[PDB]
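Spelled out, the chains give:
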Amino acid sequence: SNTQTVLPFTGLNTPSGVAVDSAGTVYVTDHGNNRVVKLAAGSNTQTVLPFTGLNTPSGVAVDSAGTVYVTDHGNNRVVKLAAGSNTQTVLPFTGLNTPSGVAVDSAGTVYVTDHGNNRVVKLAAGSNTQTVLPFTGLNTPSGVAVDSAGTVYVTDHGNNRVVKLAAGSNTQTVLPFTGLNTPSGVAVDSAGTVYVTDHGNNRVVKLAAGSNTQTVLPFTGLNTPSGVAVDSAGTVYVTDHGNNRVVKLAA
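Residues numbered from 1 in each chain as written, not as in the entry; some residues may be left out. Heavy atoms only, no water.

In its metadata, the entry names X-ray crystallography as the structure determination method and reports 1.150 Å as the resolution.

The following block contains the structure:
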């Protein structure tokens, strides 16, 4: 499609992160309102999820079980809320500094960009012991995504680049995007195409697997886009942070 639609969220203030579940429900961190909202597919009415005590939530992820994970940026913690639950749980990460992005793989392992510590950490399901991933030279990493192969993609915000680390690899690779300015968010679809919010350039770019040539997606009127998500239909969802809105673009 060449034509975005603005999703019917209400009252957003600088939305940061977005995620979409297998049912097409869209989850958004309403950063400026210390809340997380969701919108079911076709619904005109959001619901505020029952998290407690959030401070400028940044990133959001949702797993196949419908559990919602949120980086509670201002409180240096990551919280999760099981589907239908009333009570969040704080995940046992240690030593976070302004965590910024979160992703969850098919095994339930949780990956977090520890923005203030220039590192990415992961926590296996049920584990009490995080592991720091062997990225090199990160500067304020913002967003993270993980594909079905376990490859981890990170927007290295301060270095104007996107890096990836294959499962079990010691050595990251810098993806061949061009001309990025403070990239914030990243998503990867089932075909391995990587989508990045090029925050400082008011645009969203994608790079197909093995391609050397990005394409700029035909969104219009973006202002400092933060987060991006892609569903199984290839629809791309973007938090248009500066315009207090969320937009989507069908394939």
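Moving on: the pattern of salt bridges. Inspection of the entire model under this criterion finds six salt bridges. The residue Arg161 makes a salt bridge to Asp156 at a minimum N-O spacing of 2.7 Å. (Salt bridge = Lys/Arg side-chain N within 4 Å of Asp/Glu carboxyl O.)

Take unusual backbone geometry next. With phi around 55 degrees, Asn34 is a residue other than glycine that occupies positive phi space. Tracing the backbone through its elements, the reader meets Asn34 in the loop between β3 (26-30) and β4 (35-39). Using a relative accessible area of 36% as the deciding quantity, one classes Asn34 as partly exposed. Positive phi is not limited to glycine here, since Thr140 has a value of about 50 degrees. Considering the arrangement of structural elements, one finds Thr140 in the loop between β13 (131-132) and β14 (144-146). Note on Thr140: relative accessible area 21%, which makes it partly exposed. (Helix = DSSP H or I, 4+ residues; strand = E, 2+ residues; numbered from the N terminus. Buried < 20%, exposed > 50% of the residue type's maximum accessible area, 1.4 Å probe, protein only.)

The next thing to look at is the layout of surface pockets. One way to see where empty space is left: roll a probe the size of a water molecule over the atoms. In this structure, the second largest pocket encloses a volume near 160 Å³. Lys122, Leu133, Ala166, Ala167 and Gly168 are, among the 14 residues lining the second largest pocket, the residues nearest its centre. In terms of residue class, the lining of the second largest pocket is built from eight nonpolar, four polar and two charged. (1 Å grid on protein atoms, 1.4 Å probe; cavity = no way out; pocket = protein on both sides within 12 Å on 5 of 7 lines; lining within 4 Å. Points joined across faces, edges and corners; volume = space filled by probe spheres on them. Nonpolar A, V, L, I, M, F, W, Y, C, P; charged D, E, K, R; others polar.)

Through backbone hydrogen bonds, the strands of a sheet pair up, either in parallel or in antiparallel fashion. In spatial order, the strands read β6-β7-β8-β9; together these four strands make up an open sheet with antiparallel pairing. With partners counted over all chains shown, the strands left at the sheet margins are β6 (60-62) and β9 (89-90), one partner each. The pairing of β6 with strand β7 (residues 68-72) spans three bridges and is antiparallel. For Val62, the partnering residue across the bridge sits in β7 and is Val68. (Pairing = 2+ DSSP bridges.)

What the four strands build is an open sheet, ordered β2-β3-β4-β5; its pairing is antiparallel. In this open sheet, the two strands that pair with only one neighbour each are β2 (18-20) and β5 (47-48). Of the strand pairs in this sheet, β2 and β3 are connected by three bridges, and their pairing is antiparallel. Following the sheet pairing, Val18 is matched in β3 by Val28.

Before going further, it helps to examine the pairing of strand β20 (residues 203-207). Both faces of the sheet carry side chains from a regular strand, because those side chains alternate between them. Taken across its five residues, β20 has four buried, putting it largely inside the fold. In this sheet, β20 lies alongside strand β19 (residues 194-198) in antiparallel orientation, the contact comprising five bridges. Looking at the pairing, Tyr195 lines up with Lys206 of β20. Linking β19 back to β20 in an antiparallel pair, the connection comprises four residues, with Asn202 at a positive phi of about 55 degrees.

What follows concerns the side chain of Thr239. Within the element layout of this structure, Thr239 appears in strand β23 (residues 236-240). Looking at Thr239, the relative accessible area reads 0%, which means it is buried. For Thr239, the side chain forms a polar contact with the side chain of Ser226, separated by 2.5 Å. Residues in contact with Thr239, not counting those within four places in the same chain, are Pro15, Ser16, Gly17, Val18, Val28, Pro225, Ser226, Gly227, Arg245 and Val246. (Polar contact = N/O pair within 3.5 Å; in protein donor to acceptor, adjacent residues only side chain to side chain. Contact = heavy atoms within 4.5 Å.)

This part takes up the pairing of β23. Of all the five residues making up β23, five are buried; the element is thus mostly covered by neighbouring parts of the structure. Alternating positions in β23 separate into two faces, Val236, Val238 and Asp240 on one and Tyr237 and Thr239 on the other, with burial throughout. Inspection of the sheet shows β23 paired to strand β24 (residues 245-249) by five bridges, in the antiparallel sense. Counterpart to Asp240 in the pairing with β24 is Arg245. Here β23 hands over to β24 after four residues, with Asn244 in that stretch at a positive phi of 55 degrees.

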